[PDB]
Number of protein chains: 2
Amino acid sequence: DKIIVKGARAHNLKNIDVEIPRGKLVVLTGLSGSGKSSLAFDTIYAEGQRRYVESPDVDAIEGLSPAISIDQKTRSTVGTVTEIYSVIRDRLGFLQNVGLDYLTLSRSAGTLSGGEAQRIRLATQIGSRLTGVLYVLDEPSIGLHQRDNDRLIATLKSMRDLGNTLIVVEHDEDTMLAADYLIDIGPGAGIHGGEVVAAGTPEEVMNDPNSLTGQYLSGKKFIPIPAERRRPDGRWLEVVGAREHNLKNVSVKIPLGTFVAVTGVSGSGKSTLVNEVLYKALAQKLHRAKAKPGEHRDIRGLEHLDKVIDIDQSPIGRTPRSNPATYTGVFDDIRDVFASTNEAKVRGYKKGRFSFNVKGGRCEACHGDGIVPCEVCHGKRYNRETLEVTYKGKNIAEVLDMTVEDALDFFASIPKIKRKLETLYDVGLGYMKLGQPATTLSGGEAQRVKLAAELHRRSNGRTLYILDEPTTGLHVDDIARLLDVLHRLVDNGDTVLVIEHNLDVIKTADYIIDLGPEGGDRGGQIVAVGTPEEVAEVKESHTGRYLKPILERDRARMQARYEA
Amino acid sequence: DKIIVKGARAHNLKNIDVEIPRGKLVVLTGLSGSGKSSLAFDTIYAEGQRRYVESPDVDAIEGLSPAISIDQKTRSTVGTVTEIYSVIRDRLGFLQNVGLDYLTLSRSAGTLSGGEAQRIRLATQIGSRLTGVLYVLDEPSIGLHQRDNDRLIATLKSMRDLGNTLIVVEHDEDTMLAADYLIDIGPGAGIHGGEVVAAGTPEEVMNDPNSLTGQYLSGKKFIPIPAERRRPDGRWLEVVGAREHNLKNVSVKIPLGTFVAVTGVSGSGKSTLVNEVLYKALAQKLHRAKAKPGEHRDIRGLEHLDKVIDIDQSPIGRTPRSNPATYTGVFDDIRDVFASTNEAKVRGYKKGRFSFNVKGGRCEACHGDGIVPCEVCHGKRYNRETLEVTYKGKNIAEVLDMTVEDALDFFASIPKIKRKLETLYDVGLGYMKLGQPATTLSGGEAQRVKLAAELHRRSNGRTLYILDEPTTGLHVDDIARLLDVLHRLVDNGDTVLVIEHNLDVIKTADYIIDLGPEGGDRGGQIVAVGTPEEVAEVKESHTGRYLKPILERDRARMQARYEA
Ligand SMILES: Nc1ncnc2c1ncn2[C@@H]1O[C@H](COP(=O)(O)OP(=O)(O)O)[C@@H](O)[C@H]1O
Ligand SMILES: Nc1ncnc2c1ncn2[C@@H]1O[C@H](COP(=O)(O)OP(=O)(O)O)[C@@H](O)[C@H]1O
Ligand SMILES: [Zn+2]
Ligand SMILES: [Zn+2]
């Protein structure tokens with residue numbers, strides 16, 4: 001009745017042993033990049049699936065069952081994917097259970113969000129009615145409003161009660177609290193994670209002082225409600241007559257210089273309004289982008305902007321020669337430091353010598369890629385003679401092998417470099433190596449690198465930043481860092497607009513645009529606008545109804561602490 | 001905790017509902033062709049595997065788990081198949097557990113018996129250490145001596161106790177008695193089977209008067225011990241200096257005009273002596289067969305034989321135009337009957353008109369194949385005008401659509417046809433359609449068709465029949481029929497030699513040649529020869545040790561019945 005993992009070493013896992021109870025709803029949590037993903041998927045799921053299919057770096061796994069993953073890793077349509085040939089009767093019910101009743105059967109699978117695709121996959125799997133299976137789920141709350149949280153949990157417990165084991169990788173409060181058993185992975189992330197910090201009932205995890213997760217679940221840590229909301233400064237964008245998909249001829253004003261959250265249940269029209277209409281219309285007017293925007297009459301207030309930038313979880317680059325140091329430009333500052341050493345000068349090495357993208361200093365066998373690791377440079381990317389030049393006893397490959405946090409100390413006497421490294425540290429990437437290849441960064445890591453570069457950029461207040469569900473993949477502690485960074489962009493007078501369901505984010509927003517009231521044909525209207533406090537009071541707003549008790553909970557936690 | 005099958009219709013299954021308890025050793029039994037195979041494999045295993053792989057004619061199946069089959073349906077070697085690169089340490093132990101410790105790691109997988117291949121597959125599967133799996137096993141006792149029966153049962157119960165369900169298709173007494181739950185399928189076979197006759201504990205099945213299986217388990221029915229053993233009549237074959245594989249320079253005499261059983265544990269040298277040496281040497285001397293015989297000095301007594309015939313479970317033909325009626329030649333007798341009808345005469349139809357193998361009377365669209373069923377003849381194989389000729393109101397396609405037993409009644413006034421049909425009835429194929437295509441016959445069916453044709457053949461007493469494990473696939477009631485037929489061949493003065501582990505067969509033998517004492521390097525010697533009673537007394541003979549209590553059990557049952 002237990003899955004026994006012994007000596008798990010995948011990625012950053014530190015040769016760990018873990019017991020997971022079978023026939024239970026088990027949640028694995030931790031920071032983004034803690035190793036929770038390596039444990040659930042690269043280790044447990046991979047081994048369980050491999051063993052059945054016969055018909056990962058680990059010593060032994062005992063008590064495995066044949067495993068099925070439910071993630072986004074899987075022109076067809078909704079109808080073809082669920083084999084069903086607006087939401088024969090059996091399947092349709094499962095689509096409703098996973099919160100997808102607003103989808104049409106004709107919908108291109110290629111145009112579903114990742115959260116939608118994941119939930120179609122979940123529906124198909126519930127349809128199988130299998131027992132004795134080990135299900136491994138990645139973050140099933142993605143794309144789901146707090147209102148649908150209870151039904152998701154009930155759906156998971158129903159699969160469990162059929163006689164299956166559920167391993168759920170999550171950061172969502174309610175899911176963790178509803179778990180049979182909860183495992184906190186990683187003190188930190190990467191090199192700083194990969195350990196079992198705490199394991200037991202949610203209640204036992206809350207009472208464990210070592211557990212970062214337990215400290216947030218118990219209230220010892222929380223994201224505060226901001227003292228004041230920023231007020232509009234007279235600059236508005238206005239979307240006029242938005243009609244794309246289910247949007248009911250919507251007009252709405254967006255205040256610049258504020259942190260704006262677009263909210264609403266799944267299928268309410270959030271992504272249509274923001275991605276299909278606003279982003280595409282702005283990108284076409286501002287950057288001459290090709291993509292045809294969704295149906296709308298007009299967008300006013302374009303005189304206020306120079307640029308629109310969507311920050312998503314797509315890669316920062318396509319080669320190993322791209323990394324966090326090259327993306328932020330801290331790489332070029334480092335090359336300048338090496339070029340300024342006595343030994344570089346004596347040898348006549350200019351900055352170009354310390355670039356792995358040009359002939360001279362790079363390893364010529366791998367053209368500076370490092371890669372199987374190149375037999376010549378062993379992945380260091382530079383030839384032997386270049387590597388003899390050191391700054392403070394370190395060569396350029398050793399520098400690129402430093403974590404952001406160690407590089408911060410190492411470059412303490414170079415302000416320009418410090419300032420760039422601080423942005424990466426502040427976004428939550430202190431653990432990451434400067435030279436980590438773009439090809440190996442997770443989605444969340446890539447979004448955070450991009451945010452770090454934006455934070456550094458000189459601002460004129462004329463940029464609109466758009467982020468579609470940026471809390472995807474993030475622990476509440478990661479979210480605190482994300483919010484710190486996003487609010488700092490707004491302080492420059494730029495505008496941050498997020499599509500979110502996460503109430504930790506929403507409660508810190510200056511301004512909310514709530515769509516609905518429901519999804520599909522029953523959505524596409526503006527339900528409420530205003531501050532979190534204003535939306536909290538609107539009875540017809542599902543977002544408000546769930547937001548109100550969060551504002552109250554976290555105001556009370558603030559007032560309890562002032563009682564110091 | 002139950003697998004619920006509702007409305008199963010595969011092959012001969014008669015729209016049945018069945019409950020199978022989960023986490024148990026469940027045995028499905030019945031006659032050969034009862035439908036037990038259609039239930040376990042075509043229905044339960046197929047659905048369980050299909051459902052997992054997404055990641056059969058049946059209404060619904062509830063409580064399925066991902067399913068793994070253990071049969072013979074799966075140049076590589078023992079080493080490569082178990083991935084192991086005489087019986088790293090983990091796997092070797094499993095090969096011992098399944099009774100394969102005499103195998104070498106270099107052995108060609110292509111030269112393993114079906115029973116050996118099945119047990120390698122079983123070993124690999126135990127190696128997986130999976131839980132929550134539904135295992136479906138076809139006849140795992142194939143090739144296994146009674147001595148290894150207890151260990152096989154312990155091995156199965158160990159897989160169950162790991163937390164799996166075992167559905168075992170079997171006819172073996174001890175396996176049935178050791179079952180948690182036992183299901184008796186089919187009153188008869190084919191059209192006469194496909195129903196759940198009895199289901200419960202083995203004890204409950206024994207106490208059910210409807211159950212053919214229970215009647216044999218309880219002793220109400222049994223195969224008797226013959227009154228007298230046939231004595232040699234002066235004709236002997238002698239194998240001289242057999243050295244192939246593990247055979248220790250063996251010389252042994254075989255008495256013709258008797259029923260001979262070659263016995264011994266797995267790997268003792270049975271198939272080497274009989275198939276590799278005896279059969280190949282005789283086939284080369286008598287029929288100029290090409291295959292090089294195994295190493296031996298000589299074979300004496302060839303003056304006594306005209307032919308050697310191996311009867312196995314390979315197909316009777318390769319096309320649909322081959323069937324039990326064509327193989328036995330009863331087809332040609334039927335064509336004669338049609339050619340003799342008034343209407344055939346009036347029309348000038350000769351016997352050739354009623355052959356689907358020649359132009360004129362056959363359906364020309366499918367060249368007489370019947371096949372998707374041909375859109376023209378609808379599978380009847382003949383054109384419209386031929387089908388207008390009837391005998392006793394039936395046309396030739398209707399005759400071919402008759403079961404052997406119905407055809408027996410229908411042709412009651414044609415002795416020649418009756419005599420051929422009786423052979424098929426006597427081998428146990430009363431249920432089978434005369435025209436059933438060779439391409440659709442099971443292994444056991446094909447062997448039985450061949451035996452029927454042999455039984456009909458005029459004999460000079462100069463044939464040696466060899467059968468390698470002919471009880472494969474057979475219920476003890478099927479075995480009684482098989483033995484009746486084989487003993488009738490011996491009555492003609494021909495010789496029947498079987499390789500067997502089945503003690504129901506062995507106890508009826510006139511003469512036993514027992515190899516061993518163990519398998520592999522520890523086998524290859526003649527342990528004992530003589531009557532069953534003589535071998536029963538030999539302490540060093542594993543065959544004798546298990547045979548003795550069977551002779552006693554069944555002699556006592558005979559004496560109890562005489563107390564009528
Ligand atoms: N490409 C498309 N084709 C057809 N219908 C779509 C498409 N994209 C979105 N919709 C429909 O429009 C409605 C709003 O969808 P969406 O904007 O994705 O909601 P949200 O982003 O708030 O979850 C939904 O009912 C959805 O089924
Ligand atoms: N083709 C082969 N190559 C190597 N060894 C073999 C081959 N066939 C049989 N043997 C070995 O000879 C011994 C006797 O095998 P076999 O005659 O198949 O035993 P039985 O038929 O009694 O089970 C076994 O130990 C087996 O491993
Ligand atoms: Zn190189
Ligand atoms: Zn035809």
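Letters A, B, ... mirror the listed sequences (proteins, then strands); counts begin at 1. For the numbers below, each heavy atom of this structure counts, side chains included, while hydrogens, waters and symmetry mates do not.
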Check: A:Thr472/A:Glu139 side-chain N/O donor and acceptor closer than 3.5 Å
no

Less than 4.0 angstrom from a charged side-chain N to a carboxylate O is my criterion; do A:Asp468 and A:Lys270 meet it?
no

Taking A:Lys6 for the side chain and A:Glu62 for the main chain, is one N or O donor matched with an acceptor at less than 3.5 Å?
no

Ion pair A:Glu422/A:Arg419, N-O distance below 4.0 Å
yes

A:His11 atom NE2, neighbour heavy-atom count above 12 within 6.0 Å
no

A:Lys73 and A:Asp138 ion-paired at < 4.0 Å:
no

Classify the angle between the aromatic ring planes of A:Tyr52 and B:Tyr52 as parallel (below 30°), tilted (30 to 60°) or perpendicular (above 60°).
tilted

Should A:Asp491 and A:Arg488 count as an ion pair when the cut-off is N to O under 4.0 Å?
no

Is the shortest distance from a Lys or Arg side-chain nitrogen in B:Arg129 or A:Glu47 to a carboxylate oxygen in the other one below 4.0 Å?
no

Would you say the side-chain atoms of A:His145 and A:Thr543 include a donor-acceptor pair closer than 3.5 Å?
yes

If the threshold is 4.0 Å, N to carboxylate O, is there a salt bridge linking A:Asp510 and A:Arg229?
no

A:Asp59 and A:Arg9 ion-paired at < 4.0 Å:
yes

